[PDB]
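A lone chain, given as structure tokens: the form deposited in one PDB entry.
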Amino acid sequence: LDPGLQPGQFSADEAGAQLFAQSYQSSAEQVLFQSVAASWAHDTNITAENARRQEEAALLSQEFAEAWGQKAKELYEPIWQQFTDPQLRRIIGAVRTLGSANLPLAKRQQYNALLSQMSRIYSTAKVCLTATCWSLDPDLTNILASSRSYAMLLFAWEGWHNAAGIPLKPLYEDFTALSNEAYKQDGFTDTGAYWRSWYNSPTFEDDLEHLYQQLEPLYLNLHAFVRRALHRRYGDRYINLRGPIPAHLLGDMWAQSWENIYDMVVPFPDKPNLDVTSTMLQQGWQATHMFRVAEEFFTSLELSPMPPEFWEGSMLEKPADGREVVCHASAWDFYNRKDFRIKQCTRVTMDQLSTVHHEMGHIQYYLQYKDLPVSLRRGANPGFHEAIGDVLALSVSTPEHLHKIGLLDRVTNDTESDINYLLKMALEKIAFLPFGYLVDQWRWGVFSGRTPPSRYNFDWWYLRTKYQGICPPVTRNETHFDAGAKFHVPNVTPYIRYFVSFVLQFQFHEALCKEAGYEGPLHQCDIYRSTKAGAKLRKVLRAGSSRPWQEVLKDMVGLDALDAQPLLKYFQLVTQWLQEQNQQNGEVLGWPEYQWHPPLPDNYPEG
């Protein structure tokens, strides 16, 4: 590690602790910058040489983390817990936390290579027919979204899970052992405990569970209604009205979002067609337009536009030249207060439009807190970061806002239209809740040793059935590693943030709508052009992680805790409607025939 990047001396009291933190953050900017740059170079251009460079960049970060970490522990370890300044307690608490830098050299390199190999496998995995091969993004995504052929959907589902999952398992086991080894030397019982500590709530898991209890009836009812619709199209052989839904029929590879089957479930088809995708295509929208339209919403709020460095540096389309990339969307902070980028293999679609806003939400956060000390450049909690863009997308997707941007010709205000809109939103937002909740439950069990390699898939599918009410359409066994077929698992990034942001985003929406002086039903609010809503959001963004999230929430929303009530109020009309539909249809809520799996199609597997 470069002499300039190494730590000096500071006194072993609270006041020396203050000066230590000041120089730490000064050197960290350059280390973070070269780390992110090396990751950028790789994720936008997956080569062995670029993986190597990224790995050597991670080693440097680990040396850095070691030097300042050992120093922070040398001076402050026994005393920093009783320190009077709680913000200093945070930063020093984070510097005494070495992570992977706790590993000896050989194991650091082992760790770094594993992250690189898992990433490459997920992002370059393909499903071959017999010479031509389909990628996840766009090919398999498109199939799952628009094919209504059972065997074609199954081919894509099975192919993807087999191709991504199977080779990942050995590497995932080794990663887990080394991640746990690293973080246990930091005093955590396992890596899952570390991840959970970011929410600093001794009661985190109980709070989440109480939240899910309130939300579960909404899911059960959406599930039953949707399953009925699928039965009408796939028949009695492939759909069990008292069983779980096959996992490949819900419009999405992970059955995590159901918006793509909206056309099958829409209650009042005579009302404006709220799936704007075809209108976008008919009008000739491109990635560029999508990002510009999203930017303009942000500026209508008197938030920052994207800087020139964003437009010149970002990757907004999947490259056409022989180049493999990580296609999964991400927002990037280079930690030089100048470069900020999005990397997204953008598709011309309504859900991709929401994704664009979601990604730009991350960037906007980066722009607003760029002048904070480096350690305070995070969300109030990770869920805050995830909720920013979705909140704007809640406004954008209202029929009225879509009309304003030329994506919907007619404007209607009636109970039929509302039911249509709220159902579409439920398929996006309510359908996700079980999945957003279950992913880290699985992964927390893995980290704790409750779920050993011998039960990876067994436990995955237990949770998938328990929460989502779905079943794999083909038989799985422990050779399969179906969790590794989801991006966030091999890319070693946490998931509970998304369950938190799905609750949080309706809390934010309510507050910004009230702040904008909007008096109507919550699901018809559009905060577009509300500078008052903008100023209120800006305060949250400019705060970064400088204050406990409970206080930031309180200032914004009026409550210091997560709360499902604004989500419930938002969906009240369709919740009551779906209940009534199901009772009139004499549906069974849930999947009592838990053991049920669909048969194979007659000509499986040949297409």
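Sequential numbering from 1, following the sequence displayed. The term rigid core refers to the maximal set of C-alpha atoms that superpose within 1.5 Å between the two forms.
What comes next is about the form deposited in another entry, which does not appear here.
Inset, instruction - Would you indicate which listed residue, out of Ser454, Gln213, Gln81, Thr475, moves its Cα by 2 Å or more between this form and the one not shown relative to the superposed core? - result: Per the superposition, the moving residue is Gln81.
Legend entry - Displaced residue check between this form and the one not shown: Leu589, CA, 2 Å or over, core reference: Comparing forms between this form and the one not shown, the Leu589 CA shifts below 2 Å.
Inset, instruction - Note yes or no: does the Cα of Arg90 move by 2 Å or more between this form and the one not shown after the core is superposed? - result: The answer is yes; the displacement is at least 2 Å.
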